[PDB]
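Beneath this line is the structure, given in structure tokens, with notes to follow.
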Amino acid sequence: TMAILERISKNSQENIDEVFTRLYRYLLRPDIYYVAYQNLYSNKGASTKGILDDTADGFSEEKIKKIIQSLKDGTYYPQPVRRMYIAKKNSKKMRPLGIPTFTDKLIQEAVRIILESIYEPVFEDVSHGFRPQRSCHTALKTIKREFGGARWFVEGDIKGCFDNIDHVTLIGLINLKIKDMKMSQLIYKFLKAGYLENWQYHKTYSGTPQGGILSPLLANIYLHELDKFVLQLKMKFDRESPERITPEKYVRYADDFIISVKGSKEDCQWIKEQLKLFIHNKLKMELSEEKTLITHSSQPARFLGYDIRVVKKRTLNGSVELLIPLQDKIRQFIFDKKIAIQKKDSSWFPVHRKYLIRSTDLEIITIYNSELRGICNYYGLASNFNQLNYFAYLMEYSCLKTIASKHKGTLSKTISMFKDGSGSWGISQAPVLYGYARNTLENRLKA
RNA sequence: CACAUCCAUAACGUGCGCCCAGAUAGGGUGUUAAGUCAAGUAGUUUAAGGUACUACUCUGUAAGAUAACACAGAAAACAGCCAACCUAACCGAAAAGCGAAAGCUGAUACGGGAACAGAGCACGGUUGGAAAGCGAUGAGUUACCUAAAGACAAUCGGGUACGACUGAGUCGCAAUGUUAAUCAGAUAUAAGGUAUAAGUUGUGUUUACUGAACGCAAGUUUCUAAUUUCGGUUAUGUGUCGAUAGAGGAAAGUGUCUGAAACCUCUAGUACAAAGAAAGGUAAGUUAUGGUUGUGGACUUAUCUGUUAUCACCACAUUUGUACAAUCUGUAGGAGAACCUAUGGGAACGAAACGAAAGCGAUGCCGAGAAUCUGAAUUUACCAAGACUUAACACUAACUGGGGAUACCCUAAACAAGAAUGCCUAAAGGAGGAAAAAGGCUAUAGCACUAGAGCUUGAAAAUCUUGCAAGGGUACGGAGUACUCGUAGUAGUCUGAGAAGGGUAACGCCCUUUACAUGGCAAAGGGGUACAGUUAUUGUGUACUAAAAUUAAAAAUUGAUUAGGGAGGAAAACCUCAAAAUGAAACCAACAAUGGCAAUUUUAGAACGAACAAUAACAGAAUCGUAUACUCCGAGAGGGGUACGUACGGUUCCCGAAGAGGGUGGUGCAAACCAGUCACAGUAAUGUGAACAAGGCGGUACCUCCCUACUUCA
């Protein structure tokens with residue numbers, strides 16, 4: 001089936017030695033190797049990942065290439081290519097996509113496997129967080145409170161991700177110890193495959209039917225090699241960055257980047273300029289925004305919808321850290337769907353909502369509860385539960401307006417909301433307007 | 001630091017609509033007449049006007065009483081509302097004769113019934129004068145400590161919207177509108193309000209356009225906003241701690257024990273002035289996305305005789321500006337969280353909102369009250385509608401006569417038409433014998449495919465097919481032209497229009513004369529027939545040649561750039577019996593650097609497809625002049641949508657299926673009593689038995705098709 005790479009990347013042209021990163025992965029080859037040997041390469045033409053609830057569908061056994069990829073059947077990948085990077089709602093980290101083709105919908109597991117190949121080596125943390133993670137939520141909560149006690153701190157801004165798809169440093173750093181020192185080509189001839197017909201051309205990735213949903217993998221690497229020497233120079237300087245500000249460093253991610261333990265912002269420049277030189281050394285990318293708004297001791301930056309600055313408002317601090325919740329992620333998240341106008345009722349109400357004549361109601365209620373759910377998960381360990389339920393207030397009258405509006409009455413939202421509501425205390429009934437909100441903005445949040 | 005409130009109010013959705021003849025049957029409409037009304041009290045005066053005045057009376061005048069007279073007002077009838085209240089319309093049922101049921105037949109009785117507003121014409125009509133409402137509960141069932149923190153007896157010690165219920169006792173808003181009484185002028189070109197359609201792009205609002213031509217002007221409503229705790233989570237108050245302020249420091253501060261150096265308390269909210277401190281009422285504006293408003297509630301602006309005064313004088317919000325007051329208050333940038341200047345508590349620090357914007361001259365219109373000044377008047381000077389009745393005259397319809405062709409539905413009408421005896425004992429008797437039917441009769445039973453029944457009919461008869469003059473219903477706004485038939489009539493003079501021309505309108509109507517025999521009329525639905533937009537199906541389609549936006553980029557040189565030619569087991573080596581159990585020449589891979597034609601597009605070398613042939617044109621949101629309440633003031637300009645009440649143009653895009661009503665085909669289930677069939681009795685026909693293969697027939701299930709004035713979804 002597909003032992004093509006199982007042979008290419010494995011034997012790896014040992015004229016002289018090879019995949020040398022072996023003192024930590026020498027039998028770490030055959031483990032996952034023989035996995036795929038019977039995970040993917042077992043007999044599959046049409047399976048192990050894809051449509052059928054995880055897996056590809058066996059409509060024609062999808063063997064038209066899969067079994068016969070000894071030379072990939074290859075030779076052009078015409079596959080009209082376009083551009084694709086999809087932003088992410090919370091904790092901005094764009095999630096590009098591509099063109100769904102059974103061809104691409106098997107290239108997907110192919111690159112899954114090449115991931116696992118490059119997975120076990122010094123790659124770390126499928127999507128972002130220096131610690132090996134998988135979720136944003138772990139990235140959302142864990143790393144942050146741990147440090148920041150050092151003032152004078154900074155962050156990152158360079159867009160540099162789908163703009164700086166360098167594609168030269170890219171293929172220079174994809175498979176160094178993995179490319180067979182000679183004869184390793186039947187891998188990326190069909191990864192370098194952004195073909196088109198518009199009297200123009202752009203190859204190999206922009207969220208490409210060759211390169212659509214795999215930028216996670218690729219860009220994560222792209223940055224990872226950077227972060228390696230980044231950390232080495234980090235420790236090289238971590239000799240007053242943990243020892244200057246003290247008398248009374250860095251961590252890596254996907255899109256934005258903290259500066260960990262701080263000493264002498266008088267060297268924050270040092271950091272950023274060195275970065276740039278390096279950001280311009282081998283990937284040759286700039287400092288979008290000249291990045292970041294140095295706190296200069298404490299002044300709150302923003303990461304992923306949270307931060308630290310080391311009457312609707314009150315807080316407690318000291319020699320301790322903190323993890324800020326915000327309002328701009330809700331502010332326009334209100335002016336989007338006509339959900340309020342803060343210049344109407346005395347500081348903050350849900351003065352109104354949008355929908356007045358629309359489809360059935362209980363679905364809209366579940367919709368409310370759904371965005372609330374999101375809010376909860378999209379807000380882990382950040383303080384001020386009271387702003388959360390404050391917005392919940394700022395959501396009630398609005399959603400209840402919309403409920404009533406189907407009746408098309410006299411603003412009879414009173415009796416209307418009485419015809420339902422987890423908050424009216426009456427399926428013609430709101431299951432949750434605040435309950436699950438409290439539940440999940442406490443669980444997986446307060447710990 | 002919890003808990004919590006965000007405006008309540010009805011529609012519009014009635015039933016009708018054709019054709020002409022008439023016109024009090026009634027009614028309406030309008031106009032003129034006459035009377036006829038009623039005016040706080042009387043005089044005045046006069047008609048019996050009218051309210052002007054005189055004097056008398058009354059009521060109000062909160063800008064917080066108290067007396068003076070100023071100041072205003074004093075009915076009635078209408079218009080309306082609010083509630084109760086029969087009753088014709090309109091509705092269903094008896095009801096009722098009725099094709100013999102298709103359809104009619106509804107003051108019976110039936111509830112009702114301001115018909116879902118009366119917008120094409122009010123339910124009526126009596127009354128009554130007040131209902132729905134809110135904002136305060138009046139009365140009952142009631143609460144936490146009894147202000148020390150309690151535990152104690154709620155020492156009702158004591159509090160009813162106490163907070164809940166029952167529930168308002170009382171008020172206000174609810175609950176009104178008009179109605180005759182000097183002119184003339186100026187201050188109006190007054191101060192002030194008013195002038196671009198169905199509509200396109202342009203974003204630095206600059207305006208490139210039209211049913212705008214006006215232009216200027218081009219950026220911009222706004223927030224962004226409180227230090228004398230405005231620290232404690234938005235407006236909601238309570239729940240606080242923090243700091244200062246202690247008061248008993250208890251047995252509470254009703255009577256008992258632990259209280260504490262806490263646990264209540266006002267908190268602890270700065271110095272002036274300043275004003276009403278204040279409502280209510282009226283008036284204007286904000287009020288809540290649906291579309292219309294109404295009716296209230298809240299915010300804002302004004303509002304409501306003079307002194308004699310008692311009063312009058314205060315707490316408190318209040319406003320200023322200072323101080324100062326901290327969170328600074330944000331900002332800006334540096335620079336420690338507590339520096340740095342700035343900021344008015346926003347300077348920007350934006351952000352949203354922002355694009356023939358607004359604002360400026362477009363003069364377009366009028367320019368009330370005409371407010372004030374001038375003159376005039378000044379017999380109380382006058383003076384004429386306010387309705388009611390009648391009168392007359394015109395008028396009139398969802399009123400009064402006669403007028404009914406196109407297609408459906410139904411079946412009576414014998415409506416007319418077309419459907420006919422075996423069997424012997426195998427022959428007259430004859431089946432209207434003695435076998436032997438449907439049909440005749442009746443509920444019709446066995447799922448249909450037997451009605452039992454007796455003779456019967458064994459043409460009787462009832463066969464179905466029609467037709468079905470009938471009889472109904474159905475369309476009698478209105479949705480492009482002609483054109484057709486159905487009636488040439490009934491207005492015959494009189495303005496679709498008879499004609500000519502002229503006003504003739506963003507498509508008519510009216511004026512000079514046409515005609516008296518149709519000269520108009522023609523009728524009156526309705527369908528028909530050809531054209532015209534619709535929607536689709538299909539037939540159908542372009543790189544037809546030129547350059548270009550350079551995919552085509554094969555080929556060729558390049559980019560000799562390294563890496564090749566083994567689906568393998570393969571863990572640093574084993575590499576797979578493999579040149580090979582680790583050795584190329586070109587064939588993939590490099591800005592394809594150029595072609596190269598397909599894939600465009602337009603410039604464009606451009607010929608019924610770079611578009612056309614047979615089978616659907618419904619649904620309009622209302623539609624500008626032509627109004628439509630016209631909408632609203634009228635002092636004007638000008639502001640909305642009721643036969644889809646647009647009546648056309650244009651505007652413009654919606655272009656659904658299902659519930660499934662009923663018919664259609666097929667598929668099945670069943671069924672095997674009758675005629676199918678078999679065999680048996682029987683002389684046969686019938687009886688007997690099998691007989692489901694659904695031969696038909698019906699029951700039933702699916703789906704299909706019609707089917708959709710059967711129902712309903714963008």
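In the structure tokens, each chain is lettered A, B, ... as it comes, each chain's residues begin at 1, and ligands are numbered from 1 in order of appearance.
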
Can you check which residues of chain A have any atom within 8 Å of chain B? Use only C-alpha atoms (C1' of nucleotides) and format it as a compact mmCIF listing (two decimals) with C-alpha atoms, in the first residue's frame.
# COMPACT_ATOMS: atom_id res chain seq x y z
CA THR A 1 0.00 0.00 0.00
CA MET A 2 1.96 2.95 1.38
CA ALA A 3 5.31 1.73 2.58
CA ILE A 4 6.86 4.21 0.15
CA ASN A 11 16.70 3.18 5.34
CA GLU A 14 23.33 4.85 4.62
CA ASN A 15 26.38 5.13 2.38
CA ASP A 17 25.47 7.28 8.43
CA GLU A 18 22.24 9.13 8.23
CA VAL A 19 19.19 9.85 10.47
CA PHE A 20 22.01 10.26 13.10
CA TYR A 26 17.47 4.47 17.24
CA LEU A 27 14.75 1.96 18.03
CA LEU A 28 12.35 4.89 18.01
CA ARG A 29 12.37 4.27 14.28
CA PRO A 30 10.79 0.77 14.20
CA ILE A 67 -1.70 0.61 -3.03
CA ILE A 68 0.07 1.66 -6.24
CA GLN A 69 2.23 4.47 -4.98
CA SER A 70 5.52 2.64 -5.65
CA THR A 75 4.06 13.07 -12.54
CA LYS A 182 20.91 10.28 -1.67
CA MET A 183 17.71 9.11 -3.40
CA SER A 184 15.01 10.62 -1.23
CA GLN A 185 12.73 12.32 -3.68
CA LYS A 189 7.76 15.92 -5.40
CA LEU A 196 -2.46 26.41 -11.50
CA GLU A 197 -3.68 27.90 -14.82
CA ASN A 198 -4.30 31.66 -14.77
CA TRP A 199 -1.21 32.74 -16.74
CA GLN A 200 0.46 32.83 -13.30
CA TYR A 201 1.87 30.39 -10.70
CA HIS A 296 8.31 48.54 30.80
CA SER A 297 7.46 46.88 34.02
CA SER A 298 4.00 45.42 34.13
CA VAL A 311 -17.62 50.28 38.98
CA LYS A 312 -17.34 47.12 36.87
CA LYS A 313 -13.71 46.65 37.89
CA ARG A 314 -11.75 45.47 40.93
CA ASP A 345 -28.82 52.10 29.92
CA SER A 346 -26.68 53.68 32.62
CA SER A 347 -23.52 51.77 32.11
CA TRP A 348 -24.13 48.41 30.40
CA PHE A 349 -27.29 46.53 29.37
CA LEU A 356 -37.01 39.62 15.13
CA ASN A 386 -18.21 38.81 37.63
CA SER A 405 -39.84 38.67 18.66
CA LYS A 408 -44.34 39.73 17.27
CA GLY A 409 -46.08 41.32 20.22
CA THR A 410 -45.99 44.51 22.29
CA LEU A 411 -42.40 44.00 23.44

Please return as a ChimeraX atom specification: the residues of region 188-369 of chain A that backbone DSSP assigns to helix (DSSP H, G or I). /A:215-237,265-281,328-335,361-369

Applying 9 Å and only C-alpha atoms (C1' of nucleotides), which residues near residue 154 (chain A) remain after dropping the ones on its own chain fewer than 3 positions away? List them as a list in words. residues 257, 258, 259, 260, 262, 265, 268, 272, 291, 292, 293, 294, 295, 296 and 301 of chain A

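Taking only C-alpha atoms into account, residue 5 (chain A) lies nearest to A:179 out of the set A:302, A:179, A:92, A:413.
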
Interface rows for region 169-208 of chain A against region 119-130 of chain A: nearest pair, Å to one decimal, 12 Å, only C-alpha atoms, as JSON lines:
{"residue": "A:174", "atom": "CA", "partner": "A:123", "partner_atom": "CA", "distance": 11.2}
{"residue": "A:175", "atom": "CA", "partner": "A:121", "partner_atom": "CA", "distance": 11.1}
{"residue": "A:176", "atom": "CA", "partner": "A:121", "partner_atom": "CA", "distance": 11.7}
{"residue": "A:177", "atom": "CA", "partner": "A:121", "partner_atom": "CA", "distance": 9.9}
{"residue": "A:178", "atom": "CA", "partner": "A:121", "partner_atom": "CA", "distance": 10.1}

Long-range neighbours of residue 395 (chain A) as an NGL selection string, 12 Å cut-off, only C-alpha atoms (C1' of nucleotides), 6 positions minimum in chain: :A and (330-331 or 333-335 or 337-341 or 348-354 or 365 or 368-369 or 371-372 or 387-389 or 401-402 or 423 or 433-434)

Of A:203, A:65, A:95, A:309, the one sitting nearest residue 80 (chain A) when using only C-alpha atoms is A:203

- Query: Using only C-alpha atoms (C1' of nucleotides), which residue out of B:143, B:75, B:19, B:351 lies closest to residue 404 (chain B)?
  - Reply: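 Checking each of B:143, B:75, B:19, B:351 against residue 404 (chain B), counting only C-alpha atoms (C1' of nucleotides), the winner is B:19.
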
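One finds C1' of residue 45 (chain B) at 26.3 Å from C1' of residue 77 (chain B).
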
Inset, instruction - Enter the distance from CA of residue 420 (chain A) to CA of residue 399 (chain A), in Å, rounded to one decimal. - result: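 Those two atoms sit 11.9 Å apart.
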
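Pairwise distance (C1' of residue 95 (chain B), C1' of residue 16 (chain B)) equals 27.2 Å.
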
*asked:* Taking 6 positions as the minimum chain separation for residues in the same chain, which residues sit within 12 Å of residue 704 (chain B) when counting only C-alpha atoms (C1' of nucleotides)? Answer as a list in words.
replied: residues 664, 665, 666 and 667 of chain B

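Among the candidates A:430, A:23, A:392, A:382, the one nearest to residue 447 (chain A) when counting only C-alpha atoms is A:382.
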